[PDB]
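A.B. asks: Take a look at this one; I'll ask things after.
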Amino acid sequence: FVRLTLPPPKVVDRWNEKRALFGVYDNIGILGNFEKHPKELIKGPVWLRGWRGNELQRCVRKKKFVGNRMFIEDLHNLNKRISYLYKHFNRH
Amino acid sequence: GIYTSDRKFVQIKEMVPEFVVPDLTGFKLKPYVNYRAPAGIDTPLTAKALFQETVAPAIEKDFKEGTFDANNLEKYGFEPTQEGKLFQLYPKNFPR
Amino acid sequence: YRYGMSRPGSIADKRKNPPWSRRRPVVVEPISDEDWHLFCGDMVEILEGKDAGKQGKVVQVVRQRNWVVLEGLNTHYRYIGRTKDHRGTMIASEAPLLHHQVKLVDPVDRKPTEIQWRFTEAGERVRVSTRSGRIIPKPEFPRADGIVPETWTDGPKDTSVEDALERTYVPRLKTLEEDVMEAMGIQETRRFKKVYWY
Amino acid sequence: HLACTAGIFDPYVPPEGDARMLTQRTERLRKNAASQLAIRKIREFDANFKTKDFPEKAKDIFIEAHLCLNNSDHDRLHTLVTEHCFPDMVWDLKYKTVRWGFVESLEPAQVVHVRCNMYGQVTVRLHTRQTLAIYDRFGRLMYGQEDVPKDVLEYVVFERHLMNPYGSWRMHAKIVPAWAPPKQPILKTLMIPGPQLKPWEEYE
Amino acid sequence: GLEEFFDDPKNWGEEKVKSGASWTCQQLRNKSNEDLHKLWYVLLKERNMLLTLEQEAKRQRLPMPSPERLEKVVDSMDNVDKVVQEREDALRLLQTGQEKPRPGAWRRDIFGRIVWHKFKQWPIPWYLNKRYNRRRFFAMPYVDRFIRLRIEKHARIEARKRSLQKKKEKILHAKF
Amino acid sequence: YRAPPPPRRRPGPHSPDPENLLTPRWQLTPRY
Amino acid sequence: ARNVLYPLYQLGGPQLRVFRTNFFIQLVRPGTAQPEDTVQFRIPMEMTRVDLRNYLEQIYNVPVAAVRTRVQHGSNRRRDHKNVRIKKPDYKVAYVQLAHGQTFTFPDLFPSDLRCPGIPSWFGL
RNA sequence: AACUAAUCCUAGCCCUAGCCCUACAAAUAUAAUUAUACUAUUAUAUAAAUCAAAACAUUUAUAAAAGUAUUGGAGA
C-alpha cells in the first residue's frame, strides 16, 4: 500500500562549496608540469587507489595489501569466499 | 558451631556473636536532625588529615627539640604489628 | 522514553511512556550546564507562544526537554474533575515553553537581552548581558516542600538544634571499635591462631 | 493558576420594582460607604475605574461574548469571560446551532455594587431585549423564537485579577433577581418516570 | 522494648509524622567514635520501627504515614557507616599502607583475564591445601585465540557504537 | 567561495628515522 | 550482621562480638492463629534463632521463652512482560514465645433546569 | 462513510575511511559461583577431506619482467 502522508519538502543547493569546488585541480598533471599525476588525487581503499580490477582481483589485492592487518575471522572468511570465486571464474 | 562425630551439633560459644548494645541514656543524638540545622559539607577523613591532626604536632615539637629517632617512631603512634589488638587493621579480623 | 510535563515515574508518566511504547524518540538539542541560563524564579520574556512578549517568572524547568514553565503565562483552560456525575471544572493550566522561546530580562531595563555567563568577585556564576553589560542576580525561590528551616519545630525523634551542632570527635590514635572498648572497658586476652591468607 | 474565584464576595440584594426605576444612582451615592472603599481598591491598581463609565465597557464584553456563541468562537469567548463562566455558557450547547441577536437595550447599564490575593467583582445591572432560537443536530428548532424579542433584566458580575499586571475585566457570573419572570419553556414535552420498586415491593 | 517497635500512640491515625532532616556526613564526623556507635543503634531502632509499621501496613493494604522517615534514617545510617569506615581506612593505611582491609592480589583465570583475587584465611597453608591447589589460576594455551577475539570484539563494539550514534544523528539533521 | 591552495609535493631530501619500526627496511638500505 | 565476612575461629581464639548490627527485623501480626505470648517476626534469612534470642534480650531487653522459625519459599511463578520469571524474596518467619509470664497483643495500628434541559443555566434569555 | 484491514519513520544495519591494543557487599573451578583442610594440578602432530580434473589414482591457486618459461594422469 501507498503513503497517506506527504514527505518533508526538500531543497538542494547546487552552488554549495562541495559542488562548486568539485573537479578543481583535475588537470593537476597537465597544468602542474606533471609533477603530480591525477591518479595521486584518488581517495579510497588503499588497495584500489589508481587501480581497477574485477571482483576477484580486487579481493586478492585487498588480501595482499592488508593481510598482515586483517582479522583472523575476516581472513578466514576471505579465503573461503576466494575459493568459491576462484572455482567459478576459472572453471565455469 | 561445629558438627563433631556421630552427626552431633556442638555449639561453639566463641563463634556465637555477642551483640554489644550501646547505652542510649543521656545520648542526645536521635534518628532525625533539625531542618533548622544546616547541612554539613562532606569532608572525608584521610590518612594525611589524621596524621596532621595527631601525629604532626608531636613530631614537630620533637624534631625542633631534636629528640627524634627511628626507635621512637612507635611513640608517635606507629604499630610495628597488628597482633595483640582485638581489632586488627590489616588483615581485617574483626566484624562490624 | 519521551519526557513530558508530568513528572517522571508518575502515574501520568506511565501512561505517556508505557513499557511497550516504541514511538519515534523526540530529538532535543543538548544544552550544556554552563550553556543553560534559565532557573526557577527567573524573570524572562516569552519570545514566541500564546503569551509572547509577556514577562514571567519561571516555576518549573524540565531540562531534558529544554522546557521552561511560567506561572500564569501560556496558560490554557482545561477541565479538572471530569466525572460521570459532573462535567468538570475549568482551570488554567500552564504549557511548556522551550528554552529558545524565552530570554532573560535585565532588571533596570526590561528587554530580552542576550546574556553571557561570567563569574563575580564572590565567585558565584552570574549571567551578564551581552549588550549593556549588567549582573542579573540569582532569584530567590521558595522551598518546594514549603518547610522554612527556621520555622521548623523539632518533632519526636528529632534532635534539638544545639545537639546536632555539638562536636565531640577528638583526633586520637584509636579506631572506633577501640574507642568503644575504652568507654565500655571491653578487654580480650584470647588470640586467634595463625591463618594463612590465600 | 487561578484568575477567578467561584462565587461572589458579598451578594447584592436587588429591590423589587427596580425595573420601573438619577434615583437609583443616588442610592449608590448613599451606599458608597459600603462600596467606595472597594471602589478605591480597584482604583488603586487602575485609577481609571469609575462606576459611571464601567457599564459601557462591561456591556460590550457581555454582548460580544453572546455573539461568540453563534459562531462558537470559544477562543474569543474564553478571553471575554472567566474560567468559571465559560463552561456553563457552552457545555449544554454541544452539537447545537443557536441564532442570537441583541435588540436595543431597554435601560442603560449601571454599576450596582462592587467587592474585593485580590479579586474584584463588579455587579452590573442590564435590561435588554434579545432574540434566541436553538435547533437540533438535524436542524429542528427546539427552543426559542427566530425573530421574537424577549425583554430580560439581569445583574451581571464581572471580575478582574487586580494583582496580576495583565489582569483584565472578564465576565464571571450573573445575579438573577427573584422578581424576574421565569424563562420561556422548552417546545418539546417531557415525561417524568414513576417510582422504581423491586419485585417484592408494591406500588406506594 | 515492645513499644519501641511501634509508633507513638498519639501519632497513630495521623496522616503523617513530623520529622526533620537526616544526619549529614560532616555532622557525624564531628561526633565522637563512641557517639557514632551509639547513634547507629538509635537509627537502627527507628528503622526497625518504621519497617515494622510498614510491614503491618502491607498486611492491612494501607499506606505508610510519612514514608520519608525511613529514607531519612537509612540515609543517616549510610552516612554513619562511611564516616566510621573513613576513620578505620585512614589508620590502616598509616600503620600498614594497605589500601584494602582484606589481603588480595592480581591473578590470571583459566580464560586469560586478569582479575583481583581476594585472599581467604585458612587454617592450613596453600601448599598443604590440595583443594586450593586444585583451584585453577592458570590460562590454557587455547586462550590465545580468545584473546584475539576479545581485542576484535572490543573493536567491534566501537564500530557498532558509531553505527548507533549515526542513526541518532540522522534524526538530529532531520529534526534540525 | 575561494578554492583551496593547490596540493604540492614536498621537495628536498627526506631522511627516514632508522629506529622507527614502521619505516620499511628497503627505505633504510644503502641503495636508498 | 548480614552480607559481611565473619572472623574464622581457632582454638583459643577471641569470642565473637558484633559491635554494629546490620540485622533488621519487623514485627508482624500473625497470619495464623497463635498464642498471645507467641510473636511472629520477619528476619533476614542469614540470622539464626539463637541470634534472635540474643538480639531481643540485648537490644530490646525482651525476655524470650521459646522460639520456632520457618523458611517461606518465595513464589517464582510470576513473570514479567517479557515472560521472565520473577522470584519473591525469601523471608524467615520466627515464632517467639515470651518468658516471665509476659503476654503480647498486636497494637491496633491504623485504627440546567430539569424542566428545560439542554439550555445552559447561564442563559437568562 | 465499514467491517475485517490499511496507513507511517526510526528500531537499527552495511561497506570503506580513520584507528591497533595496553576498558557494591558476598560467592566461586570443590558439585564453579557452597565463608576454613577432603582429591593434587595439565591443551596440542603436515590440517584433512569435500572439492577440480565433468569418474578416479600423481596432481588441484588460497610494480614491471609475466601469465613469458618450465613443471604437470603435458590435464584440471
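Protein chains in written order, with the authors' numbering: chain i, 33 to 124; chain 9, 40 to 135; chain V, 19 to 216; chain d, 77 to 97, 105 to 199, 207 to 294; chain Y, 65 to 240; chain q, 25 to 56; chain U, 2 to 112, 133 to 146.
Backbone N, C-alpha and C fix where the C-beta goes; we use that ideal spot for every residue, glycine too.
By alpha-carbon positions, which one of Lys194 (chain Y), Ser130 (chain Y), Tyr206 (chain Y), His181 (chain Y) ends up nearest to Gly77 (chain Y)?
C.D. replies: The residue labelled residue 77 (chain Y) in the question sits at position 13 within the fifth sequence. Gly77 (chain Y) has its Cα closest to that of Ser130 (chain Y), out of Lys194 (chain Y), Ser130 (chain Y), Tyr206 (chain Y), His181 (chain Y).
A.B. asks: State the CB to CB distance for the pair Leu88 (chain i) and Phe54 (chain i), rounded to an integer number of angstroms; the pair is presumed to be in contact (CB under 8 Å).
C.D. replies: Residue 88 (chain i) sits at position 56 when you count from the first residue of the first sequence. Residue 54 (chain i) sits at position 22 when you count from the first residue of the first sequence. Contact doesn't hold; Cβ gap of about 32 Å is too wide.
A.B. asks: State the CB to CB distance for the pair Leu57 (chain U) and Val63 (chain U), rounded to an integer number of angstroms; the pair is presumed to be in contact (CB under 8 Å).
C.D. replies: Position 56 of the seventh sequence holds residue 57 (chain U). Position 62 of the seventh sequence holds residue 63 (chain U). Indeed, because the Cβ distance is near 4 Å, the residues count as touching under 8 Å.
A.B. asks: Given this structure, state the Cα-to-Cα distance separating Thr171 (chain V) from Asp60 (chain V), to the nearest angstrom.
C.D. replies: The residue given as residue 171 (chain V) occupies position 153 in the third sequence. The residue given as residue 60 (chain V) occupies position 42 in the third sequence. Roughly 31 Å between the two C-alpha positions.
A.B. asks: Taking 6 Å as the limit between beta carbons, can you name the residues of its chain near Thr134 (chain d), skipping five residues before and five after?
C.D. replies: The count along the fourth sequence starts at 1 and reaches residue 134 (chain d) at position 51. Excluding residues within five positions, the ones whose Cβ falls inside 6 Å are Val194.
A.B. asks: Quick one: give me the first and last residue of the beta strand (DSSP E) that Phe42 (chain U) is part of.
C.D. replies: On the seventh sequence, residue 42 (chain U) is found 41 positions in, with the first residue counted as 1. From DSSP, the beta strand (DSSP E) with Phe42 (chain U) extends over 39-44.
A.B. asks: Measure the Cβ-Cβ separation of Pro45 (chain U) and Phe20 (chain U) and say whether it is below 9 Å.
C.D. replies: The residue labelled residue 45 (chain U) in the question sits at position 44 within the seventh sequence. The residue labelled residue 20 (chain U) in the question sits at position 19 within the seventh sequence. Not in contact: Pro45 (chain U) and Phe20 (chain U) (Cβ atoms no closer than 9 Å).
A.B. asks: Quick check on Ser118 (chain d): buried or exposed, where buried means 16 or more other Cβ atoms within 10 Å of its Cβ?
C.D. replies: Here residue 118 (chain d) corresponds to residue number 35 of the fourth sequence, with the count starting at 1. Taking every protein chain shown into account, the CB of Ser118 (chain d) has 16 or more other CB atoms within 10 angstroms, so this residue is buried.
A.B. asks: What residues are listed by DSSP as bridge partners for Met261 (chain d)?
C.D. replies: Against the fourth sequence, residue 261 (chain d) aligns to sequence position 171. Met261 (chain d) pairs with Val164 (chain d), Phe248 (chain d).
A.B. asks: Kindly give me the distance between the Cβ atoms of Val123 (chain V) and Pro130 (chain V), rounded to whole angstroms, as I take these residues to be in contact under 8 Å.
C.D. replies: Working through the third sequence from its first residue, we reach residue 123 (chain V) at position 105. Working through the third sequence from its first residue, we reach residue 130 (chain V) at position 112. Their Cβ separation, rounded to whole angstroms, is 7 Å, which keeps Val123 (chain V) and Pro130 (chain V) in contact under 8 Å.
A.B. asks: Mapping the DSSP letters down to three states, classify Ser133 (chain U) as helix, strand or coil.
C.D. replies: In the seventh sequence, residue 133 (chain U) corresponds to position 112, counting from 1. Of the three classes helix, strand and coil, the one that applies to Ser133 (chain U) here is coil, per DSSP.
A.B. asks: Under 8 Å Cβ-Cβ, which residues of chain U neighbour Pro70 (chain 9)?
C.D. replies: On the second sequence, residue 70 (chain 9) is found 31 positions in, with the first residue counted as 1. Correct list: empty, because the minimum Cβ distance to chain U is about 14 Å.
A.B. asks: Where does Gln98 (chain U) sit, in a helix, a strand or coil, going by DSSP?
C.D. replies: Walking along the seventh sequence from the start, residue 98 (chain U) turns up at place 97. Residue state, collapsed to three classes: strand.
A.B. asks: Flag this pair as touching only if the region 39-52 of chain V and the region 182-197 of chain Y have three or more C-beta atom pairs under 8 Å; answer yes or no.
C.D. replies: They do not touch, by the three-pair rule.
A.B. asks: Using a beta-carbon distance cut-off of less than 8 Å, what residues from the region 166-178 of chain Y approach chain 9?
C.D. replies: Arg166, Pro167
A.B. asks: Any beta-carbon of chain 9 closer than 9 Å to the one on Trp186 (chain Y)?
C.D. replies: Within the fifth sequence, numbered from 1, the residue matching residue 186 (chain Y) stands at position 122. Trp186 (chain Y) does not count as touching chain 9.
A.B. asks: Is the distance from the Cβ of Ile84 (chain d) to the Cβ of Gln211 (chain d) below 9 Å?
C.D. replies: Locating residue 84 (chain d) in the fourth sequence gives position 8, counting from the first residue. Locating residue 211 (chain d) in the fourth sequence gives position 121, counting from the first residue. Yes, Cβ-Cβ distance for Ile84 (chain d) and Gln211 (chain d) is below 9 Å.
A.B. asks: Check whether chain Y comes within 9 Å of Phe144 (chain U), counting only Cβ atoms and requiring the distance to be less than that.
C.D. replies: Within the seventh sequence, numbered from 1, the residue matching residue 144 (chain U) stands at position 123. Not an interface residue.
A.B. asks: Would the beta-carbon of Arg215 (chain d) fall within 9 Å of that of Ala121 (chain d)?
C.D. replies: In the fourth sequence, the residue the question calls residue 215 (chain d) occupies position 125. In the fourth sequence, the residue the question calls residue 121 (chain d) occupies position 38. Going by beta carbons, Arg215 (chain d) and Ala121 (chain d) fall outside the 9 Å limit.
A.B. asks: For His117 (chain V), I'd like the list of residues in its chain whose CB is within less than 7 Å of its CB, leaving aside the five on either flank, ordered along the chain.
C.D. replies: Sequence index remark: in the third sequence, residue 117 (chain V) carries index 99 (1-based). Only residues of its own chain outside the window of five on either side were considered, and among them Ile49, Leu56, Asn84, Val86 have a CB closer than 7 Å to the CB of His117 (chain V), listed in chain order.
A.B. asks: Mind checking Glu187 (chain d): buried by the 16 CB within 10 Å criterion, or exposed?
C.D. replies: Along the fourth sequence, read from residue 1 onward, the residue named residue 187 (chain d) stands at position 104. Label assigned to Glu187 (chain d): exposed.
A.B. asks: Output yes if chain Y places a C-beta closer than 9 Å to the C-beta of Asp109 (chain U); else output no.
C.D. replies: Stepping through the seventh sequence from its first residue, residue 109 (chain U) is reached at position 108. Yes, its Cβ sits closer than 9 Å to a Cβ of chain Y.
A.B. asks: Taking buried to mean at least 16 other C-beta atoms within 10 Å of its own C-beta, is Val65 (chain U) buried or exposed?
C.D. replies: Taking the first residue of the seventh sequence as position 1, residue 65 (chain U) is located at position 64. Looking at its Cβ environment, which holds 16 or more other Cβ atoms inside 10 Å, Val65 (chain U) is buried.
A.B. asks: For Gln78 (chain V), tell me which candidate among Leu194 (chain V), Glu158 (chain V), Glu89 (chain V) has the shortest Cα-Cα distance.
C.D. replies: Taking the third sequence and counting its residues from 1, one reaches residue 78 (chain V) at position 60. Answer by Cα proximity: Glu89 (chain V).
A.B. asks: Tell me which residue opens and which closes the alpha helix (DSSP H) that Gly61 (chain i) is part of.
C.D. replies: On the first sequence, position 29 is the one that residue 61 (chain i) refers to. Segment 60-63, the alpha helix (DSSP H) holding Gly61 (chain i).
A.B. asks: Would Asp181 (chain V) pass as an interface residue toward chain 9 - the criterion being a Cβ-Cβ separation below 9 Å?
C.D. replies: One-based indexing of the third sequence puts residue 181 (chain V) at position 163. Chain 9 contact via Cβ: present.
A.B. asks: Does any CB atom of chain 9 fall closer than 9 Å to the CB of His218 (chain Y)?
C.D. replies: The residue you call residue 218 (chain Y) lines up with position 154 of the fifth sequence. Not closer than 9 Å to any Cβ of chain 9, the Cβ of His218 (chain Y) fails to qualify, so no.
A.B. asks: Does the CB of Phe70 (chain Y) have a neighbour CB from chain U at under 9 Å?
C.D. replies: Within the fifth sequence, residue 70 (chain Y) is the residue found at index 6, counting from 1. With 9 Å as the cut-off, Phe70 (chain Y) counts as an interface residue toward chain U.
A.B. asks: Against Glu122 (chain 9), what residues of chain U qualify as contacts under a CB-to-CB distance less than 8 Å, listed in chain order?
C.D. replies: Position 83 of the second sequence, counted from the start, is the residue given in the question as residue 122 (chain 9). At a beta-carbon threshold of 8 Å, none of the residues of chain U lie near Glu122 (chain 9); the nearest stands roughly 12 Å away.
A.B. asks: Mark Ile80 (chain 9) as exposed unless 16 or more other C-beta atoms lie within 10 angstroms of its C-beta, in which case mark it buried.
C.D. replies: What you label residue 80 (chain 9) is simply residue 41 of the second sequence in a count that begins at 1. Burial is judged here by how many other beta carbons sit within 10 angstroms of a residue's own beta carbon; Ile80 (chain 9) has fewer than 16 and is exposed.
A.B. asks: Taking C-beta to C-beta, are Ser140 (chain Y) and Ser83 (chain Y) nearer than 9 Å?
C.D. replies: In the fifth sequence, the residue the question calls residue 140 (chain Y) occupies position 76. In the fifth sequence, the residue the question calls residue 83 (chain Y) occupies position 19. Result no, Cβ atoms of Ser140 (chain Y) and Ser83 (chain Y) do not sit closer than 9 Å.
A.B. asks: Is the beta carbon of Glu47 (chain U) sitting closer than 9 Å to the one on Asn4 (chain U)?
C.D. replies: Along the seventh sequence, read from residue 1 onward, the residue named residue 47 (chain U) stands at position 46. Along the seventh sequence, read from residue 1 onward, the residue named residue 4 (chain U) stands at position 3. Their beta carbons are under 9 Å apart, which means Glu47 (chain U) touches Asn4 (chain U) by this criterion.
A.B. asks: Name, please, each residue of chain 9 whose Cβ falls closer than 8 Å to the Cβ of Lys211 (chain V).
C.D. replies: Mapped onto the third sequence, residue 211 (chain V) falls at position 193. Near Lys211 (chain V) there are no residues of chain 9 at all, since even the closest Cβ is about 11 Å away, more than 8 Å.
A.B. asks: Sorted by chain position, which residues of the same chain lie with C-beta nearer than 8 Å to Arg195 (chain Y)'s C-beta, five sequence neighbours on each side aside?
C.D. replies: For the purposes of this step, residue 195 (chain Y) is taken as the residue at position 131 of the fifth sequence. Taken in chain order, the list of residues that qualify is empty.
A.B. asks: Work out the CA separation of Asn75 (chain Y) and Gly173 (chain V) for me, nearest whole Å.
C.D. replies: Taking the third sequence and counting its residues from 1, one reaches residue 173 (chain V) at position 155. Taking the fifth sequence and counting its residues from 1, one reaches residue 75 (chain Y) at position 11. Whole-angstrom Cα-Cα distance: 11 Å.
A.B. asks: Answer with yes or no whether the minimum CB distance from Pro41 (chain i) to chain Y is below 9 Å.
C.D. replies: The count along the first sequence starts at 1 and reaches residue 41 (chain i) at position 9. Not one chain Y Cβ lies under 9 Å of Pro41 (chain i).
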